[PDB]
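Notes for the one structure printed next.
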Amino acid sequence: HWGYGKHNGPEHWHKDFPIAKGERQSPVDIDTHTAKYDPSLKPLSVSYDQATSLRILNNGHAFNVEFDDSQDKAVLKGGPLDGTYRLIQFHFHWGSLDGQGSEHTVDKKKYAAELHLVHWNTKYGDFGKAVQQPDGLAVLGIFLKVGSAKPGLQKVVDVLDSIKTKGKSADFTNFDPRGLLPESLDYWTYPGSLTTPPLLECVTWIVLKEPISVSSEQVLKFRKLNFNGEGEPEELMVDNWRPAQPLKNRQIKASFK
Ligand code: NI
Ligand code: NI
């Protein structure tokens, strides 16, 4: 009933999900000429040393690398956040062409892809309760450009053949998400939403300024995934991004001058 196809894409989502036209929808364009430095912000604290990855799943929209979130093993704190946010999964949004794929844009620039590390606020006890709160989630977004390979991505790329189609999963233990980060943790932040249905306005977005580089070969393998299930006509999993939504009555704040 929703997807990224010719007849169920983002421009249709409002019919089943009227919050698609809400006050705090994501993604947005980040205008670097209007975002303002906020000295009240603190450095990000990314604490992933104890992360436990479990599984990778093709959910028909993207793939999720899933983590054990039953303890404070991989947490995000600091920045704009109060309290402790646990990593539940990461996934990507990507294009059919190197000139599109990201959800956020920077001065209208689209990157080739965008990584989302999804975390929930432990004060709400579980993910499902967290998404019902305005401060329930924190998503760390990282842009991808095509250039050099990202070594820390390669283990993800090489499992993709095993989860080609919707509903397939594979064991994915002992993956270190630190290998997906850029050097700098400088960021922009603003209040927004999930970027897929149900589009809930429960996210503190934290979007890193510095992109990571991935190779053309790495991106090409993402583009071999399928939206469809096994034994169905092939629908390449590409262009699984929602375009920028109106900023409305929000301000984007920068952690850096
Ligand atoms: Ni559907
Ligand atoms: Ni996402």
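Over 21 Å apart at the Cα level, from the set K36/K150; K145/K253; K77/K253, are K36/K150; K145/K253.
A straight Cα-to-Cα reach below 16 Å connects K257 with the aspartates and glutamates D31, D38, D186, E210, residues fewer than 8 places away in its own chain not being considered. Computed from the C-beta positions of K248 and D38, the FRET efficiency with R₀ = 22 Å rounds to 0.70.
In plain terms, the chain is cut at each of the GluC sites (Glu not before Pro) found in a DSSP loop with at most 15 other Cβ atoms within 10 Å, and the longest leftover piece is 24-182.
Here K168 is the anchor, and the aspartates and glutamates within straight C-alpha reach of less than 13 Å, apart from those fewer than 8 places off in the same chain, are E230. For the chain, the Cα gyration tensor yields ellipsoid semi-axes of 25, 21, 19 Å (square root of five times each eigenvalue, largest first, whole Å). With a cap of 11 neighbouring Cβ atoms within 10 Å, and only residues DSSP puts in a loop, list the trypsin sites (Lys or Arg not before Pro) found in the range 88-157. Qualifying residues, ordered by number: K108. Taking 0.36 nm per residue of separation and subtracting the current Cα-Cα distance, fully stretching the chain between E210 and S148 would add 20.9 nm.
Here is the list for the range 9-54: trypsin sites (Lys or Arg not before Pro) lying in DSSP coil, each with at most 15 other C-beta atoms within 10 angstrom of its C-beta, are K15. Backbone amide hydrogens, once placed in the peptide plane, bring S45 within less than 5 Å of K77, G78, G79, excluding anything fewer than 5 places away on its chain.
Extending 7 Å from the Cα toward the beta-carbon at both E217 and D82 defines two label points whose distance is 4.9 nm. A cut-off under 9 angstrom between Cβ atoms defines the neighbours of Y48, and their net charge, with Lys, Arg +1 and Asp, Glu -1, is 0. Segment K123..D31, full-extension length gain: 29.9 nm, with 0.36 nm per residue of separation and the alpha-carbon distance subtracted. Computed from point charges on the beta carbon alone (+1 for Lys and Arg, -1 for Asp and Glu), the dipole magnitude for the range 165-257 about its Cα centre is near 480 Debye.
Because the Cβ atoms are built from the backbone with ideal geometry, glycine has one as well, and the counts that use them run over all protein chains shown. All of the numbers you see were taken from the coordinates with simple rules; none came from a lab.
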